[PDB]
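Heads up: numbering here begins at 1 and tracks the sequence.
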Amino acid sequence: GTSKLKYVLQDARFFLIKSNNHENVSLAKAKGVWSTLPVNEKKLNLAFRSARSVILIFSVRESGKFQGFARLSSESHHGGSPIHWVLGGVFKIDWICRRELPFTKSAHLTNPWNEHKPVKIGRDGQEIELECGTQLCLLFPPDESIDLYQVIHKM
Ligand SMILES: O[C@@H](c1ccccc1)[C@H]1CCCN1
Ligand SMILES: O[C@H](c1ccccc1)[C@@H]1CCCN1
């Protein structure tokens with residue numbers, strides 16, 4: 001079904017994350033963490049405090065695809081377990097979908113906060129307007145390995 005997914009996304013904010021390599025997205029998928037540049041870290045911390053869900057939608061540059069999406073479970077924090085990224089604070093994230101979506105499937109979605117360009121277009125950290133972001137997340141193939149019960153309880 002899609003009902004719990006729609007519930008998690010209700011009144012959410014959405015941000016495009018552009019990564020330079022699959023290895024870092026793989027690490028994020030395995031460890032449930034993300035780290036970004038200071039300008040985006042500040043924006044995400046602000047969004048985390050005000051919105052009931054903040055959703056990161058990931059895309060590896062030149063892949064032509066999104067690799068999935070996740071919900072922030074914390075603000076950024078320093079001093080924790082180190083992460084062997086491929087070269088700020090660390091956000092904890094809960095994955096909602098670890099399956100890919102090709103850009104060809106989102107060609108009908110425009111992002112008002114980026115001049116109504118197709119939603120695949122955007123710098124790392126670009127905010128995606130609510131309706132566009134909701135519809136983008138609903139386009140991903142269902143990830144039947146995920147149980148959103150525990151995510152709902154964190155809201
Ligand atoms: O956001 C990126 C970045 C690039 C340069 C300086 C700080 C942060 C990368 C780093 C690991 C995962 N995300
Ligand atoms: O998407 C809409 C928009 C965005 C930018 C210019 C005109 C119209 C509005 C914005 C808030 C709610 N929806």
Side-chain angles (χ1 to χ4, degrees), residues 1-19 22 24-30 32-60 65-83 85 88-91 93-103 106 108-114 118-122 124-130 132-155:
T2 59
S3 299
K4 285 198 295 291
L5 176 54
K6 291 152 60 189
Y7 182 85
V8 170
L9 299 180
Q10 212 71 253
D11 300 313
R13 297 179 65 178
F14 303 86
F15 295 85
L16 184 64
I17 295 297
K18 287 282 169 75
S19 166
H22 278 290
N24 285 340
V25 173
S26 181
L27 212 53
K29 281 181 173 176
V33 293
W34 193 242
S35 193
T36 191
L37 269 151
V39 163
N40 289 334
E41 177 173 329
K42 290 173 199 119
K43 286 168 35 143
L44 290 180
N45 282 334
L46 281 169
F48 179 81
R49 297 165 187 153
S50 55
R52 74 201 270 285
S53 290
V54 176
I55 304 298
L56 302 190
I57 309 178
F58 289 81
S59 170
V60 174
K65 301 169 179 177
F66 305 96
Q67 281 71 40
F69 62 99
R71 179 186 179 278
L72 294 188
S73 70
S74 80
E75 289 189 46
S76 68
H77 296 295
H78 283 270
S81 322
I83 300 145
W85 300 116
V90 175
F91 292 89
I93 61 177
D94 292 308
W95 285 85
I96 302 174
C97 176
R98 285 188 181 82
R99 296 187 64 189
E100 67 178 37
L101 180 74
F103 288 169
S106 59
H108 62 293
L109 298 181
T110 53
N111 181 7
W113 301 145
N114 193 27
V119 67
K120 67 173 177 184
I121 304 303
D124 180 54
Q126 170 69 60
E127 187 163 4
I128 302 165
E129 176 275 330
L130 169 66
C132 181
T134 301
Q135 291 313 312
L136 176 53
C137 287
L138 291 173
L139 284 176
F140 280 78
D143 188 339
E144 300 163 21
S145 73
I146 302 292
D147 191 346
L148 291 176
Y149 176 76
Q150 293 82 358
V151 163
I152 286 179
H153 284 187
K154 308 189 180 187
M155 312 185 60

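The 12-atom threshold is exceeded at CD of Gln150, counting heavy atoms of other residues, nucleotides or ligands nearer than 6.0 Å.
Of the inter-residue distances, the one linking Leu109 atom CG with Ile128 atom CD1 reads 9.5 Å to the nearest 0.5 angstrom. Residue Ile57 holds its CD1 atom at 4.5 Å from CG of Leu136, rounded to the nearest 0.5 Å. Between the CH2 atom in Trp34 and the CG atom in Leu56 there is a gap of 9.0 Å [rounded to 0.5 Å]. In this structure, the separation between CG on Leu101 and CD on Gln67 is 10.0 Å, given to the nearest 0.5 Å. Note that CZ of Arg99 is 9.5 Å distant from OG of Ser145, once rounded to the nearest 0.5 Å. For the atom pair CG of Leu5 and CD of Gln10, the computed distance is 10.5 Å after rounding to the nearest 0.5 Å.
When all heavy atoms of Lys18 and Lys120 are compared, the closest pair comes out as NZ-O, 2.9 Å. Nearest heavy-atom pair across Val90 and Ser74 is O-OG, 4.4 Å. The minimum heavy-atom distance between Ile55 and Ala12, with the atom names listed, is CG1-CB, 4.1 Å. The two residues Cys137 and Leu9 have their closest heavy-atom pair at CB-CD1, 3.7 Å. Here the closest non-hydrogen pair linking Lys43 and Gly125 is NZ-O, 3.0 Å.
Although no hydrogens or angles enter the test, the distance criterion places a donor-acceptor pair under 3.5 Å between the side chain of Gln126 and the main chain of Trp113. Panel note: side chain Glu41, backbone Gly89; a donor-acceptor pair is recorded below 3.5 Å. Between the side chain of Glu75 and the main chain of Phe48, no donor-acceptor pair closer than 3.5 Å is present. Between the side chain of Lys4 and the backbone N or O of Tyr149 there is no donor-acceptor pair closer than 3.5 Å. Here the side chain of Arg98 pairs a donor or acceptor atom with the backbone of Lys29 at under 3.5 angstrom. Judged by distance alone, with hydrogens and angles left aside, the side-chain atoms of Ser59 form a donor-acceptor pair with the main-chain N or O of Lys65 at under 3.5 Å. For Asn111 (side chain) and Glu127 (main-chain N/O), a donor-acceptor pair under 3.5 Å exists by modelled atom type. Under the 3.5 Å distance criterion, the side-chain polar atoms of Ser73 are left unmatched by any main-chain donor or acceptor of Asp94.
In summary, of the residues considered (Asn40, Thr36, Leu44, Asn45), a side chain to side chain contact (heavy atoms under 4.5 Å, CB included) with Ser76 occurs for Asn45 alone. Under the ring pair (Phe, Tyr, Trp, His ring centres under 6.0 Å) test applied with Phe58, the options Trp95, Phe14, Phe15 reduce to a single match, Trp95.
For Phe69, the ring-ring contact (aromatic ring centres under 6.0 Å, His included) partners at least two apart in sequence or on another chain are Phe140. Scanning for ring-ring contact (aromatic ring centres under 6.0 Å, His included) contacts around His78 gives an empty result, with sequence neighbours left out.
Between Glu129 and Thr110, the closest side-chain pair of non-hydrogen atoms is not below 4.5 Å. With a 4.5 Å cut-off on side-chain heavy atoms, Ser106 and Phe66 count as touching.
Applying the salt bridge (charged side-chain N to carboxylate O under 4.0 Å, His left out) rule to pairs touching residues 133-142 yields nothing, sequence neighbours excluded.
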>> Under the criterion side chain to side chain contact (heavy atoms under 4.5 Å, CB included), I'd like the reasoning laid out for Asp124 against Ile17: C-alpha separation, chi angles, the key distance, then a yes or no.
In response: CA-CA 5 Å; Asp124 180 54; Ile17 295 297; 3.8 Å; yes
>> Please determine whether side chain to side chain contact (heavy atoms under 4.5 Å, CB included) holds for the pair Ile83 and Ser35, giving the CA-CA distance in whole Å, both sets of side-chain angles, and the decisive distance to 0.1 Å.
In response: CA-CA 9 Å; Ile83 300 145; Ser35 193; 5.8 Å; no
